[PDB]
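The chain below stands alone and is given in structure tokens; this is the form deposited in one PDB entry.
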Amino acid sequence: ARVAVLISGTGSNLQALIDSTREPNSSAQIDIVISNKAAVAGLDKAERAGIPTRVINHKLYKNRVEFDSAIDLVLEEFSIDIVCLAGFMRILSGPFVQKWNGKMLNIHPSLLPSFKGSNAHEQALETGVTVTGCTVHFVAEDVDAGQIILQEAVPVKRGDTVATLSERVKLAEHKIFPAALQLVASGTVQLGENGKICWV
């Protein structure tokens, strides 16, 4: 399966995916990395790994649909089968999500359905949970509501901040995102006809 990874920043999840997809038994290959922000560290990681990169600045498009179409164009150029959102911080449009239905994955740093949105760690700390975690899910139109593929729980320590908690949760992200990608790319897991998760 041919994979596009979309990023907006550091790219530690991208790096974990690059490392996993180069194992001999990987069913996935990363053929393109797309960023919506220029000069981010994830681009360096991709170029260092010999993967093509494209920057699509959302600020240069009139609306969300035009932006997504620019993304889609590149996806078609590279004959992509699967899309991974890896620190990609934009909300995708309905038709774009519909086209890639069952083919697009997102990592989210909470145990969904808790703490949806862009500041999951702040929410978790504010709420005072002692267990948080991360979630890989299929991307549906409603944000952070698509079908869950894998999750891993991560403890919150007394005195945690966003810095220390996100560091601990990233260690789990780097385990389940590659595992989830391998499940979908091998055809082991798919979005079922009834929309629910199917383990073949």
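A residue's number is simply how far along the shown sequence it sits, counting from 1. Rigid core (definition): largest C-alpha set, two forms, superposition within 1.5 Å.
When 146-154 is weighed against 36-44, 36-44 comes out higher, by mean CA B-factor as recorded in the entry.
Averaged over their C-alpha atoms, the temperature factors of 106-114 and 68-76 are higher for 68-76. When the C-alpha B-factors of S166, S26, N63, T132 are read from the PDB record, the largest value belongs to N63. The PDB entry gives the largest Cα B-factor of the residues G192, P178, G11, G187 to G192. Remark: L171 belongs to the lowest third of its chain, ranked by C-alpha B-factor as recorded. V136: CA B factor lies in the lowest third for its chain, per the PDB record.
Split the chain's modelled residues into thirds by C-alpha temperature factor. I30 is in the middle one.
In the deposited entry, the Cα temperature factor of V83 sits in the middle third of values across the chain's modelled residues.
There is also a form deposited in another entry; it is not shown, and the following applies to it.
Here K62 counts as shifted, since its C-alpha moves by at least 2 Å between the shown form and the other one after the core is aligned. In the core-superposed comparison between the shown form and the other one, the C-alpha atom of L171 has shifted by less than 2 angstroms.
Comparing the forms between the shown form and the other one, the C-alpha position of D160 differs by 2 angstroms or more, with the core used for superposition.
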